[PDB]
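Two versions of one and the same chain are coming, encoded as structure tokens; call them structure 1 and structure 2.
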Structure 1
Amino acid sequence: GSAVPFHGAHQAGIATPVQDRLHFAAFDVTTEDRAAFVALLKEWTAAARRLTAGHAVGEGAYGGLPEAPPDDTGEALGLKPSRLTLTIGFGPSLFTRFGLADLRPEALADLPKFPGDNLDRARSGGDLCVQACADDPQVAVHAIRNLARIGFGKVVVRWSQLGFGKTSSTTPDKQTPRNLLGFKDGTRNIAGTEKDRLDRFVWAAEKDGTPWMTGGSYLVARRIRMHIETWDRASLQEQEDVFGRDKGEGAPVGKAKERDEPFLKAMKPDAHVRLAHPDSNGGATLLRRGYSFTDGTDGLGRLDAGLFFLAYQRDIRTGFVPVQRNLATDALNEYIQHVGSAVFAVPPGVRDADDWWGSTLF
């Protein structure tokens, strides 16, 4: 229930241990005034400092003037910080505004079309995003709600996604969570303690070509539906062949323990692990940080289920893009469909109490 420090060279919520809940919101900007947008970013940073410490925004949730609406909507009163992190990102469409055209990073690449894509344009894209993660879903909603409230008239929520449970791990010393297909998900990721691998694969560097992005990262979000009726009638052997690890232990095929290293030549040539492994992609390595979702029924008598896939990387062109291209023949494709997509440049961290979100860009 403790707090995660908000200030740093990097934004929290990436290398941070993965919290239980997610509320992800994408915003479009509705103001033409650069000064007004900068004032928004400063007000948002002040609110974030309160929220991530477990305090109410502004002058608080009650005890103010009777005739005024309260500064804070109040539904997190008496709750702990709950490891809340707030991570902001900037979408490519943002750079068509405020004269930012020449500051768009080369590494913030539009994704190509992939075979099987069925992207809903209403739940894709966005000028910016806020990723709220916490162990308490009410804490995460309270944070998104109050940020959107503060931004009234300057931003509007384009789409959002709640994740009821994590399907990722940055802490390999703790139990790996399972996704809704029943497999452990997160075994071979990047750990928050692997500072060298984060430098190599996650954090943007000044020499990469965009100095305002130094210390930041790039985010790919993909909303993926799971065909669970189809999956649930597949044999156990079929399911394990699809991934290349057994279902119970999560060990690489042939081996006894989850964390034993995969021997890829023993997996089917279209096994998901074989195709996604860095060794199959010229070393390309991602930080996966996704969550499971379910949004009711599908209207056809079935549960709706999916995975909200989030990947952080130093350069979209050398992280997600090569790996996802290599998944064109993935055996998993029979059981999933990508139905939403968005990319964002995640700026560097808020260095101290005088700093603010996006200050290196604006």
Structure 2
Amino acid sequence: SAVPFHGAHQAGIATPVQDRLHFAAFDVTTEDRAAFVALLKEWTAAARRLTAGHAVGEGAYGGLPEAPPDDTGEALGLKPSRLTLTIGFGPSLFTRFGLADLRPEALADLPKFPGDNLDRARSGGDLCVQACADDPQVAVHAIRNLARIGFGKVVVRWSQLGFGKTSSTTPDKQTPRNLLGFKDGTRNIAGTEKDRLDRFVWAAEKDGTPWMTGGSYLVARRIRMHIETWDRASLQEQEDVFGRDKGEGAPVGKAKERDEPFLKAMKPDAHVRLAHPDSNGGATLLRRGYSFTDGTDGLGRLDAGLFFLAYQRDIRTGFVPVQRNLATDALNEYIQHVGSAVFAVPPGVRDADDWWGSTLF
């Protein structure tokens, strides 16, 4: 019902994937290093409260009537809902506070990719807060109140709501389906594989940046789907595009979803074949993305897709090689990348005296 906030790593990466997401990117408006560390400390205290289901500060009510409530109150009466709050630092942040020489080399700028159609307003950002919970209102309440505490020092650059499974009605032992209708997440790094997380996800001290040990690197991509075009393709084109059948999610020529794939039975430009580590030098990713549907656009189409989030030990050896291998993916007919950002995700908050970003500052 709650997920511990403290640890060697930040929660919300290897911890169980919650039902809903509210992802927020912030831009820093202050030049004062001290004012910013002060904010980071205030945020951590508030995050401790929020992840345990308490209001921030003095609470949402019952204080001096002449004062605004410390907490906007829309979460009163709700449970922690497995809220986790993960903070990340964007490349642009390291142009401030004299941190230029402390940018990790592993936090590489993404190249341009064939087909990219990036909306500059929903891209990048100085920092991010990933808010995962089973209740969308708990997640939003977290983002809202963190933005309120930071007003005057950070502004909200862009924001994205997402949903995955609804765990009160869907079994834990069941792969969710994305909005194209295929099972999503079958071949992924699991939170249980400590060895795989150490190899592919967590920054090692010998990786070159000491203050990032225990951290990870995050790639965010807002990926629109062309729903109405996808929905007119035959059942067979859809299955050809991924290399798995729609119903069971089995690799072509196998019987069960979790049969290991035989890559040569797939079409050379099938998604799974091109994304598989065997096609990419062993490059392996922890995917933790969410579906989104924001409404309908100007021509009556559904503005929906996948808010793709990947964690990895080094952007140069994780996302970048695999995304590059998708240049000729058959899926590309049906999707379009319209938003992008990278963040260095610092190590965890070790105890009640620690704070977000303490190793960097």
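Between two forms, the rigid core is the largest collection of C-alphas that superpose within 1.5 Å. All residue numbers here follow the sequence of structure 1, with the first residue given the number 1.
Rigid core superposition between structures 1 and 2: residue from 168, 281, 292, 161 with Cα shift of 2 Å or more: It is 168.
Core superposition result - C-alpha of residue 260, shift between structures 1 and 2, Å: In the core superposition between structures 1 and 2, the C-alpha of residue 260 moves 0.7 Å.
Distance moved by the residue 302 C-alpha between structures 1 and 2 (core-aligned, Å): Once the two forms are fitted on their core, the shift reads 2.1 Å.
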